[PDB]
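Participant: coords please:
(chains A and B, ligands or ions: 2)
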Amino acid sequence: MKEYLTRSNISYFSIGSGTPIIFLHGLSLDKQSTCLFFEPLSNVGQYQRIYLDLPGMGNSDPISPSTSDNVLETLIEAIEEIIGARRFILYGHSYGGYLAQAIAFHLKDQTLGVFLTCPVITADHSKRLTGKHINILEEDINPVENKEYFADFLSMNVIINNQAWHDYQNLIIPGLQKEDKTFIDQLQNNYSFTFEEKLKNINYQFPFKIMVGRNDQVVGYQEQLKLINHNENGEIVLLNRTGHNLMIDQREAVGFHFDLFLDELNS
Amino acid sequence: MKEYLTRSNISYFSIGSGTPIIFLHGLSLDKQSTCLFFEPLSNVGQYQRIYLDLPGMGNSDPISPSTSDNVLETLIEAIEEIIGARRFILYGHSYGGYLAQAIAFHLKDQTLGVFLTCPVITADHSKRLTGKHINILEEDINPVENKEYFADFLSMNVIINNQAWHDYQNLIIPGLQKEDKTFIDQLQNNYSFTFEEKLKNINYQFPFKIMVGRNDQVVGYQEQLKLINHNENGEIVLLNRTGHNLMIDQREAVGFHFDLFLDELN
Ligand SMILES: [Cl-]
Ligand SMILES: [Cl-]
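Facilitator: Residues are numbered from 1 along each chain as shown, chains lettered A, B, ... in the order given. Ligands and ions are numbered 1, 2, ... in the order given. Sure, the structure comes next:
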């Protein structure tokens, strides 16, 4: 597909016309993870799908200062270049979901809806309430290609079978291969927004939907559940046998629920 | 096909062979509400599907005393007769999901799994945390048949369209026509289990999945979110634009999640 680059040096794909969806991928991943996942699903066709590479990931340059504040500013700049003041839908995974929240919180009137998978809500890892990873070993797998990533797959994915390994290689490996680890490490020294507590308390005035796994040792599920009651339009799906690579563990659930979420907005 | 009756005077359907699924319906409904919904939306094929009419509802006789404790007792008798000691899966809607919880608590070693839609957790209506009901008026409906039932459809369902009205007529009205209002009215005076608090604190040691709706004014969602708090195998689906007739508002979602649940257990 055709890769574009904003003047703010954010690499992205843009496909389709109609209401924009801005997809923000997880930490160490890239737009392959989002693009390859959502393009196959029946009802994103009517939308303009915009898959960004975060700074220091994919084909997007690292940025100085290497802080979450600068990431947010750069992504806001980027979105304006791409769609201007047109109203948009947000999708976010992991740190992508943290930034999705920050954007929704700052561009309240321009945001139509937010859908998050395994989102970061507390940036500081030492503060997070996390779950316990496990494996459900469904099938024997004999890896040929990408053998060197197999442990990370096993350490991250919950449901272990051939399709999950194929998905990991297709969606996760590309980002791992491009991530700027030094940039990420520096970012993590200035990772938490000063308004993080506001994100934890805000009652968004549009659909706000979260999918979390019981076995997600990176961001867990508790803190996300706590966002739900006070969010008037807050939805949650929390599932067993599901971890941080929730979109592989529960491929079909994410497709189903993303579609159901678009239905909400369509109404 | 065939309708069955236990020695305990519980009316039921039982379809297929295999691991048993015991389906419990909501208050005032009957086993048409469960049977007609799940049999078509089915990855239920490899299971034995058992759809019970609760006492005083459907074609199951009322009981004395008319208390939830005794409703539970009757149901335990019924299950033991129908499946003995076989391990089983539980489905419960609303009052049926309250009973389901009780059953799983009582038959903890036999219960493989519990799937609940809009479950009663606190029986006492005056103590429940509930949502605000709304309608999403998608189409005009000009009812011809069952016009006298239309108010309660509007009052309960959230998503209002013609399909929702057809489903309501096929799923909810048969139970309405059969319910023993006198039993139910009496049952509602001894509605809490004597052990009710123990249900609110159990950490079930098998998958325990709940679907709830933001706009459910009957049982809400908050108490159910809190159960997921202390359940290590707790799952929850909480959706907007959804009320107490969740199987009608979110028909696809229920079949999807119930299939997923079965897979979880398999
Ligand atoms: Cl490339
Ligand atoms: Cl009485």
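Participant: And residue A:188, how far from chain B?
Facilitator: As judged by Cβ to the nearest Cβ, to the nearest Å, residue A:188 and chain B stand 30 Å apart. C-betas here are computed from N, CA, C, even on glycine.
Participant: now do the same end-to-end measure for stretch A:128-143.
Facilitator: End-to-end distance of stretch A:128-143 (Cα to Cα, to the nearest Å): 33 Å.
Participant: Point me to the residue of the stretch 151-267 of chain A nearest ligand 2.
Facilitator: With Cβ to the ion, the shortest gap between the stretch 151-267 of chain A and ligand 2 falls at residue A:229, namely 36.0 Å.
Participant: contacting residues for that residue?
Facilitator: By Cβ atoms under 8 Å, 6 or more residues apart in numbering or on different chains, the contact set of residue A:229 is B:221, B:222, B:225.
Participant: Can you give the strand pairings for the strand ranked longest in chain A, parallel or anti for each?
Facilitator: Counting residues, the longest strand found in chain A (DSSP state E) is strand A:111-119. Strand pairing for strand A:111-119, using DSSP bridges, gives strand A:88-94 (parallel), strand A:208-213 (parallel).
Participant: how distant is it from the center of its chain?
Facilitator: Taking Cα atoms, centre = their mean, to the nearest Å, one finds strand A:111-119 lying 8 Å from the centre of the chain it belongs to.
Participant: Going C-terminal from that strand, what's the next secondary structure element?
Facilitator: Moving toward the C-terminus from strand A:111-119, the next helix or strand (DSSP states H and E) is strand A:136-137.
Participant: who's in contact with that next one?
Facilitator: With contact meaning Cβ under 8 Å, 6+ apart, strand A:136-137 is reached by A:158, A:159, A:160, A:241.
Participant: Same check on stretch A:151-160?
Facilitator: With contact meaning Cβ under 8 Å, 6+ apart, stretch A:151-160 is reached by A:133-139, A:141, A:164-165, A:168, A:172, A:176, A:213, A:215, A:241-245, A:248-250.
Participant: Need the strands paired with strand A:111-119 in TSV (columns: mean neighbour count).
Facilitator: TSV is the format used below for the strands paired with strand A:111-119 (neighbours: other Cβ atoms under 10 Å in any protein chain shown):
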stretch	mean neighbour count
strand A:88-94	26
strand A:208-213	26
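Participant: who touches the nearest residue to residue A:110 once chain neighbours are set aside in this structure?
Facilitator: The spatially closest residue to residue A:110, leaving aside those adjacent along the chain, is residue A:87, at 5.4 Å (Cβ to Cβ, 6 or more residues apart in numbering or on different chains). Contact partners of residue A:87, counting by Cβ under 8 Å, 6+ apart, are A:19, A:20, A:109, A:110, A:111, A:112.
Participant: after the helix or strand containing residue A:247 comes which helix or strand?
Facilitator: In the assignment (DSSP H and E), residue A:247 maps to helix A:246-249. Moving toward the C-terminus from helix A:246-249, the next helix or strand (DSSP H and E) is helix A:251-266.
Participant: so how far is that following helix from its chain's centroid?
Facilitator: Distance of helix A:251-266 from its chain centroid, counting by Cα atoms, centre = their mean, is 15 Å.
Participant: Can you tell me the SS state at residue A:205?
Facilitator: Using DSSP: H, G, I helix; E, B strand; the rest coil as the criterion, the local structure at residue A:205 reads coil.
Participant: can you count the residues close to it?
Facilitator: Residue A:205 has 13 neighbouring residues, counting by other Cβ atoms under 10 Å in any protein chain shown.
Participant: export stretch A:218-230 as PDB, just CAs?
Facilitator: This file holds the C-alpha atoms of stretch A:218-230, laid out as PDB (Å, rounded to 0.1, in the frame of the first residue of the first chain):
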ATOM      1  CA  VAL A 218       1.700  -5.400  30.800                       C
ATOM      2  CA  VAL A 219      -1.400  -3.300  31.500                       C
ATOM      3  CA  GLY A 220      -3.800  -5.800  33.100                       C
ATOM      4  CA  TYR A 221      -7.500  -5.100  33.500                       C
ATOM      5  CA  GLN A 222      -8.300  -3.600  36.900                       C
ATOM      6  CA  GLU A 223      -7.500   0.000  36.100                       C
ATOM      7  CA  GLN A 224      -9.400  -0.200  32.900                       C
ATOM      8  CA  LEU A 225     -12.500  -1.600  34.700                       C
ATOM      9  CA  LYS A 226     -12.300   1.400  37.100                       C
ATOM     10  CA  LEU A 227     -12.800   3.800  34.100                       C
ATOM     11  CA  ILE A 228     -16.000   2.200  33.200                       C
ATOM     12  CA  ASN A 229     -18.700   3.100  35.800                       C
ATOM     13  CA  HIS A 230     -18.200   6.900  35.700                       C
END
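Participant: Tell me how far it lies from the chain's centre.
Facilitator: For stretch A:218-230, the distance to the chain centre is 16 Å (Cα atoms, centre = their mean).
Participant: Give the buried residues for that stretch.
Facilitator: Buried residues in stretch A:218-230, counted by 16 or more other Cβ atoms under 10 Å in any protein chain shown: A:218, A:219, A:220, A:221, A:222, A:223, A:224, A:225, A:227, A:228, A:229.
Participant: Can you tell me the element the third one falls in?
Facilitator: Under DSSP H and E, no helix or strand contains residue A:220.
Participant: My read is that it contacts residue A:128, right?
Facilitator: Yes: with contacts counted by Cβ atoms under 8 Å, residue A:220 reaches residue A:128, the gap being 6.5 Å.
Participant: Looking at the contacts of residue A:87, which is nearest chain B?
Facilitator: Comparing these against chain B with Cβ to the nearest Cβ places residue A:112 closest, at 13.9 Å.
Participant: who's the closest residue to that closest one other than its chain neighbours bridged to?
Facilitator: Among residues not flanking residue A:112 along the chain, residue A:89 sits closest, at 4.8 Å (Cβ to Cβ, 6+ apart). Beta-bridge pairing for residue A:89 (DSSP bridges): residue A:21, residue A:113.
Participant: ok, residue A:89 - contacts?
Facilitator: If you count contacts by Cβ under 8 Å, 6+ apart, residue A:89 has them with A:19, A:20, A:21, A:22, A:47, A:111, A:112, A:113, A:114, A:115, A:262, A:265.
Participant: Put the buried members of these into a PyMOL selection.
Facilitator: Listed next is the PyMOL selection for buried residues among the contacts of residue A:89, using 16+ other Cβ under 10 Å:
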select buried, chain A and resi 19+20+21+22+47+111+112+113+114+115+262+265
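Participant: how about the strands in the stretch 1-150 of chain A?
Facilitator: For the stretch 1-150 of chain A, the strands defined by DSSP state E, counting those that start in this stretch cover A:4-5, A:11-15, A:20-24, A:48-52, A:88-94, A:111-119, A:136-137.
Participant: before we move on, back to that, top of the contacts of strand A:136-137 by neighbour count?
Facilitator: Of the contacts of strand A:136-137, with other Cβ under 10 Å as the count, residue A:158 tops at 25 neighbours.
Participant: right, and residue A:22 touches residue A:81 too?
Facilitator: No: at 12.0 Å, residue A:22 and residue A:81 do not qualify as touching, with contact defined as Cβ under 8 Å.
Participant: Would you mind listing which of the contacts of stretch A:151-160 are buried?
Facilitator: Buried residues within the contacts of stretch A:151-160, counting neighbours by 16+ other Cβ under 10 Å: A:133, A:136, A:141, A:164-165, A:168, A:172, A:176, A:213, A:215, A:241-245, A:248-250.
Participant: near chain B, which residues of chain A show up?
Facilitator: Residues of chain A lying close to chain B (Cβ under 8 Å from any Cβ of the partner chain) are A:207, A:214, A:225, A:228-229, A:232-241, A:252-253, A:256, A:260, A:264, A:267.
Participant: 10 Å instead, please
Facilitator: With Cβ under 10 Å from any Cβ of the partner chain as the criterion, chain A comes near chain B at residues A:131-132, A:136, A:207-214, A:221-222, A:225-226, A:228-229, A:231-242, A:250, A:252-253, A:256-257, A:259-261, A:263-264, A:267.
Participant: roughly how far apart are the nearest residue to residue A:192 once chain neighbours are set aside and ligand 2?
Facilitator: Distances taken as Cβ to Cβ, 6+ apart place residue A:123 nearest to residue A:192, at 3.9 Å, with adjacent residues excluded. Plainly put, residue A:123 is 57 Å away from ligand 2 if you go by Cβ to the ion, to the nearest Å.
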